[PDB]
Amino acid sequence: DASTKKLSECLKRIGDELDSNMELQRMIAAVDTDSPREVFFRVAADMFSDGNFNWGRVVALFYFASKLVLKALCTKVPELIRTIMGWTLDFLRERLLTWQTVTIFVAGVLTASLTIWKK
Amino acid sequence: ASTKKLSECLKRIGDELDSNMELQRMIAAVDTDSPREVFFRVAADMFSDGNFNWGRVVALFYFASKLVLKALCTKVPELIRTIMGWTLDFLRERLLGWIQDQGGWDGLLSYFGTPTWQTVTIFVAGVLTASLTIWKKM
Amino acid sequence: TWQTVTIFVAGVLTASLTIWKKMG
Amino acid sequence: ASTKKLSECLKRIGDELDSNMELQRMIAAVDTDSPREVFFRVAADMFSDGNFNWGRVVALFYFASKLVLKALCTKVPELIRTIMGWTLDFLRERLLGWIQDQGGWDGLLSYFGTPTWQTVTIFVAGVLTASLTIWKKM
Amino acid sequence: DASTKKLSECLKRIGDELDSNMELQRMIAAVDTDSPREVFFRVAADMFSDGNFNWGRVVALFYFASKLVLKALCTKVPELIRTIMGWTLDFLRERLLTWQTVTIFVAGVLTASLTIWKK
Amino acid sequence: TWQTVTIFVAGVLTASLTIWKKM
Amino acid sequence: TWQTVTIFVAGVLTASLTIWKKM
Amino acid sequence: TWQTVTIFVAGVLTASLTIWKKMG
């Protein structure tokens with residue numbers, strides 16, 4: 001209980017402190033112009049050059065990568081959606097290859113709809 | 001140099017985290033029998049104000065990781081052991097299969113002409129065995 | 001094939017009437 | 001009959017949920033400006049005892065769904081609108097593309113011999129237009 | 001605040017009540033002998049035969065399906081793992097087709113390891 | 001099962017229209 | 001970048017052994 | 001190709017020494 005609360009506070013301090021580090025933020029803002037993957041690996045190599053593996057070091061890398069993926073996704077929603085849809089559709093085509101009667105019924109339904117819409 | 005700067009910043013941030021020994025005394029004081037409960041209660045208090053900083057999420061990830069390792073250390077759970085055993089055995093089956101179909105270690109690197117080669121692979125192996133099989137024991 | 005035409009016309013009827021209800 | 005039994009049970013369970021009007025007055029009283037804050041605070045209280053029943057998770061799913069619909073109803077957010085618009089436009093592009101490559105509605109169902117055909121597709125369309133274009137207006 | 005708490009309690013009542021419904025539980029236990037997908041769709045058709053769509057009805061179906069997937073996964077971990085691994089590997093093979101030097105180094109490393117292990 | 005199919009398709013259609021109008 | 005590669009492979013190897021021994 | 005043999009031997013050395021440290 002009390003210990004739980006204490007831990008809660010300590011961890012909150014840490015998170016709030018990483019996300020409100022102003023200068024790291026300026027760095028992160030221009031972390032890389034249109035080439036994030038390479039920058040991430042460069043930073044990774046830089047930090048683990050000492051040879052001292054640490055879970056703490058892993059967490060920071062995780063944080064940086066999340067930010068990168070976030071900004072990229074927000075800016076590439078068209079691309080993302082398009083590509084996902086394409087994958088799904090291609091699979092369906094090849095793989096999808098009483099059934100017949102249901103197909104006929106659905107066809108009729110769709111036909112009527114488009115006609116009414118054009119009208 | 002900008003990459004250098006960022007890297008130093010990040011490493012300072014992480015190492016402060018792993019050297020915070022108060023935090024380690026608090027991760028190592030939790031009951032072993034009920035870790036999932038404690039994890040879920042901590043997350044609840046952490047997101048009470050509703051604020052959802054991603055830095056907060058990473059702290060929870062750190063807590064969860066440490067808890068898992070402590071528990072897995074005393075006892076690899078039975079199904080974990082099984083799943084792990086099976087995955088290791090599946091890897092032995094596919095990998096050894098091809099590695100045993102392309103030829104073997106020596107047959108593998110023959111793609112690039114000139115060493116690496118069998119003569120070398122066999123010499124190195126012999127040396128290792130010669131040194132490991134007898135010298136170490138005696 | 002009267003059966004199949006019937007099924008298709010049923011689909012058309014279905015659609016038309018559904019749309020009618022929704023618009024009304 | 002066992003399937004029948006199960007189905008009745010499930011439907012009673014769900015309809016009691018949608019007819020619980022106290023619950024609906026409480027989902028419709030939340031501030032529209034801060035939905036995620038209230039959602040995250042409710043989940044926190046719900047999982048305070050640590051108990052993680054899957055029935056509890058489904059209730060949260062119900063709460064989240066209702067909240068989303070209320071908000072989306074007043075205003076389809078701009079990026080939602082864009083994403084939706086784009087997905088609709090992508091579907092128009094691929095679907096119309098093939099549906100316009102295999103031939104069209106009539107060309108589509110020709111896979112199965114005997115009606116459905118084109119003469120029928122054109123007669124039905126004409127009837128629809130004839131009835132919709134003029135009769136409805138006048 | 002208070003309203004939040006009230007909602008919390010109401011929703012808890014519901015969940016605890018669905019999961020502790022003893023007879024539904026017996027039903028769910030033998031819901032189906034080795035053929036869950038078909039039973040799920042049968043139940044779906046049964047419930048939505050009235051024509052009254054309701055989000056509440058959807059939630060119950062979701063609950064049933066979760067239980068089904070749960071029991072199946074627990075009982076088919078070997079199969080699951082194997083198939084996932086297979087997919088991943090097949091993709092890697094075809095797709096994976098200085099690089100060379102790193103490959104040589106890793107090869108050397110692996111060779112030594114197996115030898116030491118056999119020893 | 002014809003009752004089932006009809007019901008399902010009609011539902012999809014109604015859902016489509018509602019969302020479209022909301023947009 | 002040779003320092004990088006060596007470090008990385010060695011790490012993987014050490015991790016493997018630790019888990020194996022724990023098992 | 002002496003270079004490549006050298007790289008391979010370096011890998012072998014690496015592995016051997018790593019395992020040695022871990023066992024010791």
# chains A, B, ... in the order shown; residues from 1 in each chain; ligands from 1

$ select_by_dssp --residues "chain E" --states "helix (DSSP H, G or I)" --output "number ranges by chain"
E: 2-19, 22-29, 36-47, 55-75, 77-96, 99-118

$ interface_residues --of "chain F" --to "chain C" --cutoff "9 Å" --atoms "only C-alpha atoms" --output "ChimeraX atom specification"
/F:6,9-10,13-14,17-18

$ write_last_selection --atoms "C-alpha atoms" --output "PDB file, in the first residue's frame"
ATOM      1  CA  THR F   6     -31.002 -10.915 -45.496  1.00  0.00           C
ATOM      2  CA  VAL F   9     -26.801  -7.471 -45.457  1.00  0.00           C
ATOM      3  CA  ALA F  10     -29.527  -4.984 -44.617  1.00  0.00           C
ATOM      4  CA  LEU F  13     -26.390  -1.149 -45.640  1.00  0.00           C
ATOM      5  CA  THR F  14     -28.132   0.803 -42.863  1.00  0.00           C
ATOM      6  CA  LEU F  17     -25.947   5.286 -44.691  1.00  0.00           C
ATOM      7  CA  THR F  18     -25.943   6.481 -41.073  1.00  0.00           C
TER       8      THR F  18
END

$ residues_around --residues "residue B:37" --least-positions-apart "5" --cutoff "10 Å" --atoms "only C-alpha atoms" --output "list in words"
residues 31 and 42 of chain B; 47, 48, 49, 50, 51 and 52 of chain D

$ closest_atom_pairs --of "stretch 9-70 of chain D" --to "stretch 1-23 of chain E" --cutoff "9 Å" --atoms "only C-alpha atoms" --output "tab-separated table"
residue	atom	partner	partner_atom	distance
D:13	CA	E:18	CA	7.7
D:17	CA	E:14	CA	8.1
D:23	CA	E:7	CA	7.4
D:26	CA	E:7	CA	6.8
D:27	CA	E:7	CA	8.2
D:29	CA	E:3	CA	8.9
D:30	CA	E:3	CA	8.9
D:38	CA	E:4	CA	7.2
D:39	CA	E:4	CA	8.9
D:41	CA	E:4	CA	7.4
D:42	CA	E:8	CA	5.7
D:43	CA	E:8	CA	7.6
D:44	CA	E:8	CA	8.9
D:45	CA	E:8	CA	6.3
D:46	CA	E:8	CA	5.6
D:53	CA	E:15	CA	7.2
D:54	CA	E:15	CA	7.5
D:55	CA	E:15	CA	4.0
D:56	CA	E:15	CA	4.4
D:57	CA	E:15	CA	7.7
D:58	CA	E:15	CA	7.4
D:59	CA	E:11	CA	5.8
D:60	CA	E:11	CA	7.5
D:63	CA	E:11	CA	8.7

$ write_last_selection --atoms "N, CA and C atoms" --output "PDB file, in the first residue's frame"
ATOM      1  N   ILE D  13     -28.579 -11.271 -21.040  1.00  0.00           N
ATOM      2  CA  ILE D  13     -27.466 -10.536 -20.462  1.00  0.00           C
ATOM      3  C   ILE D  13     -27.183  -9.197 -21.168  1.00  0.00           C
ATOM      4  N   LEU D  17     -28.173  -5.121 -20.134  1.00  0.00           N
ATOM      5  CA  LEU D  17     -27.223  -4.021 -20.262  1.00  0.00           C
ATOM      6  C   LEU D  17     -27.772  -2.808 -21.028  1.00  0.00           C
ATOM      7  N   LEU D  23     -27.497   3.529 -16.220  1.00  0.00           N
ATOM      8  CA  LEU D  23     -26.212   3.533 -16.875  1.00  0.00           C
ATOM      9  C   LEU D  23     -26.230   4.483 -18.054  1.00  0.00           C
ATOM     10  N   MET D  26     -25.773   8.039 -16.948  1.00  0.00           N
ATOM     11  CA  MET D  26     -24.392   8.270 -16.565  1.00  0.00           C
ATOM     12  C   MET D  26     -23.379   8.314 -17.712  1.00  0.00           C
ATOM     13  N   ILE D  27     -23.595   7.593 -18.795  1.00  0.00           N
ATOM     14  CA  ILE D  27     -22.695   7.766 -19.947  1.00  0.00           C
ATOM     15  C   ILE D  27     -22.958   9.115 -20.659  1.00  0.00           C
ATOM     16  N   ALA D  29     -23.681  12.038 -19.323  1.00  0.00           N
ATOM     17  CA  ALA D  29     -23.497  13.186 -18.457  1.00  0.00           C
ATOM     18  C   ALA D  29     -22.053  13.629 -18.454  1.00  0.00           C
ATOM     19  N   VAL D  30     -21.201  12.922 -19.183  1.00  0.00           N
ATOM     20  CA  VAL D  30     -19.778  13.240 -19.162  1.00  0.00           C
ATOM     21  C   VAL D  30     -19.427  14.454 -20.020  1.00  0.00           C
ATOM     22  N   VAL D  38     -11.781  11.099 -18.311  1.00  0.00           N
ATOM     23  CA  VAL D  38     -12.786  10.370 -17.547  1.00  0.00           C
ATOM     24  C   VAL D  38     -12.676   8.864 -17.795  1.00  0.00           C
ATOM     25  N   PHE D  39     -12.376   8.470 -19.027  1.00  0.00           N
ATOM     26  CA  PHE D  39     -12.219   7.053 -19.314  1.00  0.00           C
ATOM     27  C   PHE D  39     -11.066   6.458 -18.527  1.00  0.00           C
ATOM     28  N   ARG D  41      -9.778   7.526 -15.734  1.00  0.00           N
ATOM     29  CA  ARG D  41     -10.018   7.551 -14.288  1.00  0.00           C
ATOM     30  C   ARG D  41     -10.962   6.438 -13.864  1.00  0.00           C
ATOM     31  N   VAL D  42     -11.942   6.119 -14.695  1.00  0.00           N
ATOM     32  CA  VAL D  42     -12.878   5.034 -14.436  1.00  0.00           C
ATOM     33  C   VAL D  42     -12.164   3.692 -14.434  1.00  0.00           C
ATOM     34  N   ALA D  43     -11.286   3.479 -15.409  1.00  0.00           N
ATOM     35  CA  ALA D  43     -10.534   2.227 -15.487  1.00  0.00           C
ATOM     36  C   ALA D  43      -9.684   2.051 -14.248  1.00  0.00           C
ATOM     37  N   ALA D  44      -9.096   3.153 -13.801  1.00  0.00           N
ATOM     38  CA  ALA D  44      -8.278   3.117 -12.609  1.00  0.00           C
ATOM     39  C   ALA D  44      -9.113   2.686 -11.430  1.00  0.00           C
ATOM     40  N   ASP D  45     -10.281   3.267 -11.225  1.00  0.00           N
ATOM     41  CA  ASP D  45     -11.027   2.830 -10.063  1.00  0.00           C
ATOM     42  C   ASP D  45     -11.466   1.385 -10.228  1.00  0.00           C
ATOM     43  N   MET D  46     -11.819   0.998 -11.446  1.00  0.00           N
ATOM     44  CA  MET D  46     -12.324  -0.356 -11.674  1.00  0.00           C
ATOM     45  C   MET D  46     -11.298  -1.435 -11.336  1.00  0.00           C
ATOM     46  N   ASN D  53     -11.036  -9.574 -13.754  1.00  0.00           N
ATOM     47  CA  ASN D  53     -12.015 -10.344 -14.515  1.00  0.00           C
ATOM     48  C   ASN D  53     -12.184  -9.826 -15.970  1.00  0.00           C
ATOM     49  N   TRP D  54     -12.357 -10.772 -16.884  1.00  0.00           N
ATOM     50  CA  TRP D  54     -12.569 -10.379 -18.271  1.00  0.00           C
ATOM     51  C   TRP D  54     -13.927  -9.713 -18.432  1.00  0.00           C
ATOM     52  N   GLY D  55     -14.880 -10.018 -17.556  1.00  0.00           N
ATOM     53  CA  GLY D  55     -16.176  -9.353 -17.609  1.00  0.00           C
ATOM     54  C   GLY D  55     -15.986  -7.882 -17.329  1.00  0.00           C
ATOM     55  N   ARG D  56     -15.068  -7.551 -16.431  1.00  0.00           N
ATOM     56  CA  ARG D  56     -14.764  -6.146 -16.167  1.00  0.00           C
ATOM     57  C   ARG D  56     -14.227  -5.449 -17.413  1.00  0.00           C
ATOM     58  N   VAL D  57     -13.297  -6.090 -18.102  1.00  0.00           N
ATOM     59  CA  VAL D  57     -12.775  -5.505 -19.336  1.00  0.00           C
ATOM     60  C   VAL D  57     -13.866  -5.208 -20.382  1.00  0.00           C
ATOM     61  N   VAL D  58     -14.832  -6.107 -20.517  1.00  0.00           N
ATOM     62  CA  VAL D  58     -15.915  -5.888 -21.479  1.00  0.00           C
ATOM     63  C   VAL D  58     -16.779  -4.674 -21.113  1.00  0.00           C
ATOM     64  N   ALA D  59     -16.962  -4.425 -19.822  1.00  0.00           N
ATOM     65  CA  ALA D  59     -17.722  -3.252 -19.386  1.00  0.00           C
ATOM     66  C   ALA D  59     -17.001  -1.970 -19.780  1.00  0.00           C
ATOM     67  N   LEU D  60     -15.684  -1.971 -19.633  1.00  0.00           N
ATOM     68  CA  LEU D  60     -14.905  -0.811 -20.037  1.00  0.00           C
ATOM     69  C   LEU D  60     -15.018  -0.624 -21.540  1.00  0.00           C
ATOM     70  N   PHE D  63     -18.249   1.099 -22.170  1.00  0.00           N
ATOM     71  CA  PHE D  63     -18.147   2.522 -21.848  1.00  0.00           C
ATOM     72  C   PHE D  63     -17.417   3.297 -22.934  1.00  0.00           C
TER      73      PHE D  63
END

$ atom_distance --atom1 "atom CA of residue B:91" --atom2 "atom CA of residue E:113"
16.0 Å
